[PDB]
Amino acid sequence: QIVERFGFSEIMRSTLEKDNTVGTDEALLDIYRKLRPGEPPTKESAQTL
Amino acid sequence: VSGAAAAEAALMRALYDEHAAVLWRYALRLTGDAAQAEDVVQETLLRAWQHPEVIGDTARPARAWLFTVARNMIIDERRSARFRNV
RNA sequence: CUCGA
DNA sequence: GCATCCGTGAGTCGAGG
DNA sequence: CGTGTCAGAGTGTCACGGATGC
């Protein structure tokens, strides 16, 4: 659904490809560990904040 | 034996990883000084290491015992010595 | 904080 | 081997808060 | 003194050089 919305530009096709991690429960923990470091990352502790 | 004393240190290192960083943000709002919150965290977990009753029951919330110990330390720090000078 | 050359 | 990022600097004097 | 839910900061400079780093 991301490629469907941002497909008309080549600068967004280069973003999802250069991306490091994929997954709904994966990039949600990636945000948790950079925002509140030092805490255990739970799929539902990042879904909450 | 010697491996039994090392299990006590591996037990403390566990509660650090789940509660210390969350307890730090609690003391930070109560005091406002980040360097003071670290002082509250070390004193709180030091009393956890001295109270085996709080580390005994995992079926009882141990995180909450910390937030009230931190509350009592900050309200005691909030007495006479801080009153005049701060 | 606010102003004077 | 180089782009990044950190740390450095950014007029002088005076009056009242 | 004893302590057993959880509640959680400021954000409109920039030029310039060189050590720092993927």
# chains A, B, ... in the order shown; residues from 1 in each chain; ligands from 1
>>> interface_residues(of="chain B", to="chain E", cutoff="10 Å", atoms="only C-alpha atoms (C1' of nucleotides)", output="ChimeraX atom specification")
/B:22-30,32-34,54,60-72
>>> atom_distance(atom1="atom CA of residue B:39", atom2="atom CA of residue B:11")
21.0 Å
>>> residues_around(residues="residue C:4", least_positions_apart="2", cutoff="12 Å", atoms="only C-alpha atoms (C1' of nucleotides)", output="PyMOL selection string")
(chain C and resi 2) or (chain D and resi 13-16)
>>> residues_around(residues="residue A:24", least_positions_apart="2", cutoff="12 Å", atoms="only C-alpha atoms (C1' of nucleotides)", output="list in words")
residues 21, 22, 26, 27, 28, 29, 30, 31, 43, 44, 46 and 47 of chain A
>>> write_last_selection(atoms="N, CA, C and O atoms", output="JSON list (two decimals), in the first residue's frame")
[["chain", "number", "residue", "atom", "x", "y", "z"],
["A", 21, "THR", "N", 14.77, -2.16, 7.86],
["A", 21, "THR", "CA", 13.91, -3.17, 8.45],
["A", 21, "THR", "C", 12.51, -3.08, 7.87],
["A", 21, "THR", "O", 12.02, -2.00, 7.52],
["A", 22, "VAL", "N", 11.86, -4.24, 7.77],
["A", 22, "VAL", "CA", 10.50, -4.34, 7.26],
["A", 22, "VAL", "C", 9.67, -5.15, 8.25],
["A", 22, "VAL", "O", 10.17, -6.07, 8.90],
["A", 26, "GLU", "N", 8.18, -4.73, 13.53],
["A", 26, "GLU", "CA", 9.63, -4.55, 13.47],
["A", 26, "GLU", "C", 10.03, -3.08, 13.49],
["A", 26, "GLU", "O", 10.87, -2.68, 14.30],
["A", 27, "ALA", "N", 9.46, -2.27, 12.60],
["A", 27, "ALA", "CA", 9.74, -0.84, 12.61],
["A", 27, "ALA", "C", 9.06, -0.14, 13.78],
["A", 27, "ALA", "O", 9.42, 1.00, 14.09],
["A", 28, "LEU", "N", 8.09, -0.79, 14.42],
["A", 28, "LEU", "CA", 7.48, -0.23, 15.61],
["A", 28, "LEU", "C", 8.39, -0.34, 16.82],
["A", 28, "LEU", "O", 8.35, 0.52, 17.71],
["A", 29, "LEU", "N", 9.22, -1.38, 16.87],
["A", 29, "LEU", "CA", 10.23, -1.48, 17.92],
["A", 29, "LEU", "C", 11.47, -0.66, 17.59],
["A", 29, "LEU", "O", 12.15, -0.19, 18.51],
["A", 30, "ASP", "N", 11.77, -0.49, 16.30],
["A", 30, "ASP", "CA", 12.89, 0.36, 15.90],
["A", 30, "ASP", "C", 12.67, 1.80, 16.36],
["A", 30, "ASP", "O", 13.62, 2.48, 16.75],
["A", 31, "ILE", "N", 11.43, 2.27, 16.32],
["A", 31, "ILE", "CA", 11.12, 3.61, 16.81],
["A", 31, "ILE", "C", 11.21, 3.65, 18.33],
["A", 31, "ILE", "O", 11.65, 4.65, 18.92],
["A", 43, "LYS", "N", 5.94, -5.27, 21.76],
["A", 43, "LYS", "CA", 5.05, -4.91, 20.66],
["A", 43, "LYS", "C", 3.87, -4.06, 21.12],
["A", 43, "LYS", "O", 3.30, -3.32, 20.31],
["A", 44, "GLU", "N", 3.51, -4.13, 22.40],
["A", 44, "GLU", "CA", 2.38, -3.38, 22.93],
["A", 44, "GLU", "C", 2.78, -2.20, 23.80],
["A", 44, "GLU", "O", 1.91, -1.41, 24.17],
["A", 46, "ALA", "N", 5.19, -0.11, 22.57],
["A", 46, "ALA", "CA", 5.35, 0.88, 21.51],
["A", 46, "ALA", "C", 4.04, 1.17, 20.80],
["A", 46, "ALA", "O", 3.84, 2.29, 20.31],
["A", 47, "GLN", "N", 3.14, 0.19, 20.72],
["A", 47, "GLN", "CA", 1.80, 0.42, 20.22],
["A", 47, "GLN", "C", 1.02, 1.38, 21.12],
["A", 47, "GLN", "O", 0.05, 2.00, 20.66]]
>>> interface_residues(of="chain B", to="chain A", cutoff="10 Å", atoms="only C-alpha atoms", output="ChimeraX atom specification")
/B:16-22,25
>>> select_by_dssp(residues="stretch 13-63 of chain B", states="alpha helix (DSSP H)", output="PyMOL selection string")
chain B and resi 13-15+21-31+34-50+52-56+62-63
>>> write_last_selection(atoms="N, CA, C and O atoms", output="short mmCIF file (atom, residue, chain, number, x, y, z; two decimals), in the first residue's frame")
data_model
loop_
_atom_site.label_atom_id
_atom_site.label_comp_id
_atom_site.auth_asym_id
_atom_site.auth_seq_id
_atom_site.Cartn_x
_atom_site.Cartn_y
_atom_site.Cartn_z
N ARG B 13 20.92 -7.51 37.74
CA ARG B 13 21.07 -7.03 36.37
C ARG B 13 19.79 -7.22 35.56
O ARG B 13 19.61 -6.54 34.54
N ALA B 14 18.90 -8.11 35.99
CA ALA B 14 17.65 -8.32 35.27
C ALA B 14 16.67 -7.18 35.52
O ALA B 14 16.13 -6.59 34.58
N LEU B 15 16.43 -6.85 36.80
CA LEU B 15 15.47 -5.80 37.12
C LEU B 15 15.95 -4.42 36.67
O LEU B 15 15.13 -3.52 36.49
N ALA B 21 15.28 2.15 33.67
CA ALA B 21 15.05 3.22 32.70
C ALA B 21 13.64 3.77 32.79
O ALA B 21 13.41 4.95 32.47
N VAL B 22 12.68 2.96 33.22
CA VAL B 22 11.32 3.46 33.42
C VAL B 22 11.21 4.20 34.74
O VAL B 22 10.46 5.18 34.85
N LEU B 23 11.94 3.76 35.76
CA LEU B 23 11.93 4.45 37.05
C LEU B 23 12.63 5.81 36.96
O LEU B 23 12.30 6.72 37.73
N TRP B 24 13.57 5.95 36.03
CA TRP B 24 14.30 7.21 35.90
C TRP B 24 13.39 8.33 35.42
O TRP B 24 13.46 9.46 35.91
N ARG B 25 12.51 8.04 34.45
CA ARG B 25 11.57 9.04 33.96
C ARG B 25 10.52 9.41 35.00
O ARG B 25 9.89 10.47 34.89
N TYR B 26 10.30 8.55 36.00
CA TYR B 26 9.37 8.88 37.08
C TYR B 26 9.98 9.92 38.01
O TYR B 26 9.32 10.90 38.38
N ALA B 27 11.23 9.71 38.42
CA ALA B 27 11.89 10.66 39.31
C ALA B 27 12.18 11.98 38.61
O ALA B 27 12.27 13.02 39.27
N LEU B 28 12.32 11.96 37.28
CA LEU B 28 12.66 13.19 36.57
C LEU B 28 11.52 14.19 36.62
O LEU B 28 11.76 15.40 36.73
N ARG B 29 10.28 13.72 36.53
CA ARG B 29 9.15 14.63 36.64
C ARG B 29 8.96 15.11 38.08
O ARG B 29 8.51 16.24 38.30
N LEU B 30 9.31 14.28 39.05
CA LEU B 30 9.11 14.66 40.44
C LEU B 30 10.15 15.68 40.92
O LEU B 30 9.83 16.52 41.77
N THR B 31 11.37 15.62 40.40
CA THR B 31 12.42 16.55 40.78
C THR B 31 12.71 17.61 39.72
O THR B 31 12.85 18.79 40.06
N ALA B 34 17.81 15.90 36.00
CA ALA B 34 18.17 14.57 35.51
C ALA B 34 19.24 13.92 36.38
O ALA B 34 19.17 12.73 36.69
N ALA B 35 20.25 14.70 36.77
CA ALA B 35 21.31 14.18 37.64
C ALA B 35 20.78 13.79 39.01
O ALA B 35 21.39 12.94 39.68
N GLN B 36 19.68 14.39 39.46
CA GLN B 36 19.07 13.98 40.72
C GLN B 36 18.26 12.69 40.56
O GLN B 36 18.20 11.89 41.50
N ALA B 37 17.66 12.48 39.39
CA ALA B 37 16.89 11.26 39.16
C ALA B 37 17.78 10.03 39.18
O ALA B 37 17.38 8.98 39.69
N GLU B 38 18.99 10.13 38.62
CA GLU B 38 19.92 9.01 38.67
C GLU B 38 20.28 8.67 40.11
O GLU B 38 20.46 7.50 40.46
N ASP B 39 20.39 9.69 40.97
CA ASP B 39 20.65 9.44 42.39
C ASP B 39 19.48 8.71 43.04
O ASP B 39 19.68 7.84 43.89
N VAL B 40 18.25 9.05 42.65
CA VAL B 40 17.08 8.38 43.21
C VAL B 40 17.01 6.93 42.74
O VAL B 40 16.62 6.04 43.49
N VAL B 41 17.40 6.67 41.48
CA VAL B 41 17.32 5.32 40.94
C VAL B 41 18.28 4.39 41.66
O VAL B 41 17.91 3.28 42.06
N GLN B 42 19.53 4.83 41.85
CA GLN B 42 20.52 3.99 42.52
C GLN B 42 20.11 3.68 43.95
O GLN B 42 20.29 2.55 44.42
N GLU B 43 19.56 4.66 44.66
CA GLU B 43 19.12 4.44 46.03
C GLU B 43 17.91 3.51 46.09
O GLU B 43 17.78 2.72 47.03
N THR B 44 17.01 3.61 45.10
CA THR B 44 15.82 2.77 45.10
C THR B 44 16.18 1.30 44.89
O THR B 44 15.76 0.43 45.66
N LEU B 45 16.96 1.01 43.84
CA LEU B 45 17.34 -0.37 43.57
C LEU B 45 18.27 -0.92 44.64
O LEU B 45 18.31 -2.13 44.85
N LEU B 46 19.01 -0.05 45.32
CA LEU B 46 19.85 -0.50 46.43
C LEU B 46 19.00 -1.06 47.56
O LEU B 46 19.38 -2.04 48.21
N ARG B 47 17.83 -0.46 47.81
CA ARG B 47 16.92 -0.99 48.81
C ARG B 47 16.21 -2.25 48.33
O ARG B 47 15.83 -3.09 49.15
N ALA B 48 16.02 -2.40 47.02
CA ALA B 48 15.49 -3.65 46.49
C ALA B 48 16.47 -4.79 46.72
O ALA B 48 16.07 -5.91 47.06
N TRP B 49 17.77 -4.53 46.54
CA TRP B 49 18.78 -5.54 46.81
C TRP B 49 18.86 -5.87 48.30
O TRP B 49 19.26 -6.98 48.66
N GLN B 50 18.47 -4.94 49.16
CA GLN B 50 18.47 -5.16 50.60
C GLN B 50 17.15 -5.71 51.12
O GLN B 50 17.07 -6.11 52.28
N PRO B 52 14.89 -8.72 50.25
CA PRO B 52 14.55 -9.93 49.49
C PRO B 52 13.06 -10.18 49.40
O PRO B 52 12.63 -10.95 48.53
N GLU B 53 12.26 -9.57 50.27
CA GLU B 53 10.81 -9.75 50.22
C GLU B 53 10.21 -9.14 48.96
O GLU B 53 9.20 -9.64 48.46
N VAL B 54 10.80 -8.06 48.45
CA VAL B 54 10.29 -7.44 47.23
C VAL B 54 10.76 -8.17 45.98
O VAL B 54 10.07 -8.11 44.95
N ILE B 55 11.90 -8.85 46.04
CA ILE B 55 12.38 -9.63 44.91
C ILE B 55 11.89 -11.07 44.95
O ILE B 55 12.18 -11.85 44.03
N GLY B 56 11.13 -11.45 45.98
CA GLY B 56 10.67 -12.81 46.12
C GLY B 56 9.49 -13.16 45.23
O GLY B 56 9.60 -14.03 44.36
N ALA B 62 6.40 -5.77 41.39
CA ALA B 62 7.58 -5.17 42.01
C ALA B 62 7.89 -3.78 41.47
O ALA B 62 8.55 -3.00 42.16
N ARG B 63 7.44 -3.47 40.25
CA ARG B 63 7.66 -2.14 39.70
C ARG B 63 7.03 -1.07 40.57
O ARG B 63 7.57 0.03 40.71
#
